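Read-outs: derived from the displayed coordinates by stated rules, not from any lab. When we count neighbours, we look across all protein chains shown, and the Cβ atoms used for this are built from the backbone with ideal geometry, even at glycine.
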2 protein chains.
Amino acid sequence: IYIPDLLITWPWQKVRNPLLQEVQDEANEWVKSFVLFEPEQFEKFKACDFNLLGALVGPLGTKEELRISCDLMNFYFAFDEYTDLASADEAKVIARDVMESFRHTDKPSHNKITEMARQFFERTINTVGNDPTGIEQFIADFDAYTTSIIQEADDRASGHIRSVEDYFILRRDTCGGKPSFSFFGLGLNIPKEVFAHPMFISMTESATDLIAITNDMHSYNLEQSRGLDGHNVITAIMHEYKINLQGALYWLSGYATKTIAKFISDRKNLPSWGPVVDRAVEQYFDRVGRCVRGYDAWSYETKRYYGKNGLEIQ
Amino acid sequence: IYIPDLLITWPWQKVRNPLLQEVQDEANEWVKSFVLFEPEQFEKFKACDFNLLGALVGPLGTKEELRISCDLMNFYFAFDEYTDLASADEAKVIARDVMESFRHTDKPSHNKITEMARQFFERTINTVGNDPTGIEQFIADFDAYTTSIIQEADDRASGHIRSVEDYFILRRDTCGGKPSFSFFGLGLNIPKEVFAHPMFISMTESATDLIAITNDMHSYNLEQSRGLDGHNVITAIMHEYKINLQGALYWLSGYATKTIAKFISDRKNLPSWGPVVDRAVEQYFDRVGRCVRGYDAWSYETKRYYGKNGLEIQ
């Protein structure tokens, strides 16, 4: 099997924040203070290695900025664990309380996950400053993310094979790209009208697809090993186009090439909103660029470790 | 080799204007009047079958509307023939004169190709009415089309294998999609500002890629049955991604799927410009839809007739 590099045409290159190993400890301290880690649960947690992910995607900056980058990825883990054996309606209330903790960090929390959420976002606004419009964008993205996951666990145990179109509509919210992008953009004070511009949304959608499909390609070998390969884009493509695994990977390479080319073209054709926000929007998608590359780096290294492997029998 | 259907997700369906056979004569009794056909030259002209293209592609309407639709396709051929043995700077002058013939149908012409151009456009404006903004769009599309072909024939006899990105930048002008779209849109009186809207340009680019890649895929067997065709998108993909023919076709299927999905998404997210313009833009891309399907229909039937079984081991 030949596995194409879906990001060969993605200009942003992999860079590890050097300040890791200097926040990796106090970051792992913080999380354990909120999660009663069982043995075997601490394993797969640290075998995922969410702090490295923060170092690959977050701004290259102060030790405090790498701090909040580590908390985001760790908070995503903690939120999923805290709501693991919760029902749909309970999960929706928990997510709504988490979003209230983000909106008002001055108000006190009422449980482990609202306190975690309150601390992490209070730290973030200390480091990054006030950003009314950015904060609203992030909470809106966090809401669409939590909804998609809670309501996909409500769909689970069903015999329908998802089409390629329906795979993307769901995975654009489930993969957690959108709230990662809007979080790393906090402080840029981008106006609400720019976030609602179709070319902003279009570039956001293209970058999310790349996070979803790279994650599925890099995890597919693992997934198909133990019948976890049912919700993968490769399975959707093989089923819908009646082609073998090799075919579906060439297909993704084509799909990826068009997606990247439209991301870059849309960047070059954005409207101007004057010099100040233009620099902000320039910086925003620079951060998205680093984020897509950083997810692909981490998602390749962790879900099939080895070295520079390119051909397997699976 | 398995050949995918690149337009399987394209909602517009193939429909032949029933008024063909009733316009095919008097329309073919026009090109003969302007081109001195030699044997072997009148062959491929009736073996290309440009009036069926007009019937597959143009609006389903009056016999006069099918007339102007067949004139455009016929004019594209007659222009290439008239400028076949011309130099680069000579070809630019002839193209500039033709565009002047479109701008001023009242003024007399000075040669075969300016008279044909004048007679075709006066008829077109008799049928569809005046369209100042639409006429400017079409002439701009026709300028970029003639320029691209004149400069490709001038660069030719060079050692460069063109990359995938450079293949698309050229072929978006060379395939004649853009002037076809703006021509079939004549009469809709779309505002100059809607033509310059990046979502209008993006949808236009997406539909042109589909015209370029369907034509190459449907002509690739012919093109390689006679060499290796170094100017085909399949050649560019095999070279650039170091994959075989089968691989490059799966790649195209993925590239087409993303392109189509972005065309439909972009249509659904156009801004509103009021009730009159919105109906105009709805009709414009409905016609582009029919045009893309119609080109794919014609170029599958012409370049390798046979039938649709799926497989063709060549």
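3J(HN,Hα) couplings calculated from phi for the stretch A:139-153 with the Karplus curve 6.51 cos²θ - 1.76 cosθ + 1.60 (θ = phi - 60°) are, in sequence order, 5, 4, 5, 5, 5, 4, 5, 4, 4, 4, 6, 4, 8, 8, 6 Hz; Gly and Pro show x.
Placing a label point 7 Å from Cα along the Cα-to-Cβ axis, A:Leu228 is separated from the same position in the other copies by 4.3 nm, shortest listed first. Amide H contacts of A:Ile190: A:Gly134, each under 5 Å away and 5 or more positions distant or on a separate chain (H built 1.01 Å from N in the peptide plane; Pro and chain starts excluded).
Under the simplified labelling scheme, the A:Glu26-A:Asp89 pair shows an inter-label distance of 4.4 nm, with each label point 7 Å from Cα along Cα→Cβ.
Take B:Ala86, move 7 Å from Cα toward the beta carbon, and the resulting point lies 7.1 nm from the same point in each other copy, nearest first. In this Cβ point-charge picture (+1 for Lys and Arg, -1 for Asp and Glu), chain B has a dipole of about 880 debye about its Cα centre. Can you find, among B:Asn111, B:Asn244, B:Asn221, the residue farthest towards the positive end of the dipole of chain B? Put +1 on the C-beta of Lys and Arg, -1 on that of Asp and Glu. In chain B, that residue is B:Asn244.
Partner shielding of B:257-263 amounts to 6, given as the average count of beta-carbon atoms from other chains within 10 Å of each residue beta-carbon. Think of each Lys and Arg Cβ as +1 and each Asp and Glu Cβ as -1; about the Cα centre, that makes the dipole of the stretch B:149-308 roughly 440 debye. Rounded to the nearest Hz, the phi-derived 3J(HN,Hα) couplings of the stretch A:166-180 under the Karplus curve 6.51 cos²θ - 1.76 cosθ + 1.60 (θ = phi - 60°) are 6, 3, 6, 3, 6, 6, 4, 9, 5, 5, x, x, 5, x, 5, where x marks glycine and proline. Only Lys, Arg, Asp and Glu carry charge here, each on its Cβ (+1 for the first two, -1 for the last two); on that basis the protein assembly as shown has a dipole of about 260 debye about its Cα centre. You can think of it this way: the chain between A:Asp80 and A:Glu152 has 24.6 nm of extra reach, that is 0.36 nm per residue less the Cα-Cα gap. Per-residue Karplus couplings for the stretch A:11-18, computed as 6.51 cos²θ - 1.76 cosθ + 1.60 with θ equal to phi - 60°, are listed in order as x, 5, 10, 4, 9, 8, 4, x Hz, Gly and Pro entered as x.
If you take the square roots of the eigenvalues of the alpha-carbon gyration tensor of the stretch A:23-303 and sort them as a ≥ b ≥ c, do you get rounded (a/c under 1.5), prolate (a/b over b/c) or oblate?
Values: a/c = 1.60, a/b = 1.12, b/c = 1.43.
Since a/c reaches 1.5 but b/c is at least a/b, the shape of the stretch A:23-303 is classed as oblate.
Taking every C-alpha pair closer than 8 Å and separated by at least 6 residues, the mean separation divided by the residue count of the stretch B:138-240 gives a relative contact order of 35 percent.
Add -39500 (n - 2.57) for each DSSP H run of 4 or more in chain A, then divide by its residues: what number comes out at 222 nm, to the nearest 500 deg cm²/dmol?
-22000 deg cm²/dmol
Zone of A:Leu228 (label point 7 Å along Cα→Cβ, backbone N under 16 Å): which residues in the stretch A:168-189? Counting backbone N atoms under 16 Å from the label point, the list is A:175.
Amide H contacts of A:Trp273: A:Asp278, each under 5 Å away and 5 or more positions distant or on a separate chain (H built 1.01 Å from N in the peptide plane; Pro and chain starts excluded). For chain B, the relative contact order is 27 percent, taking Cα pairs closer than 8 Å that sit 6 or more residues apart in sequence and dividing their mean separation by the residue count. Copy-to-copy label distances for A:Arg103, where each label lies 7 Å from Cα along Cα-to-Cβ, are 6.0 nm in order of increasing length. Counts of other chain beta carbons within 10 angstrom of each beta carbon in peptide B:240-252 average 5.
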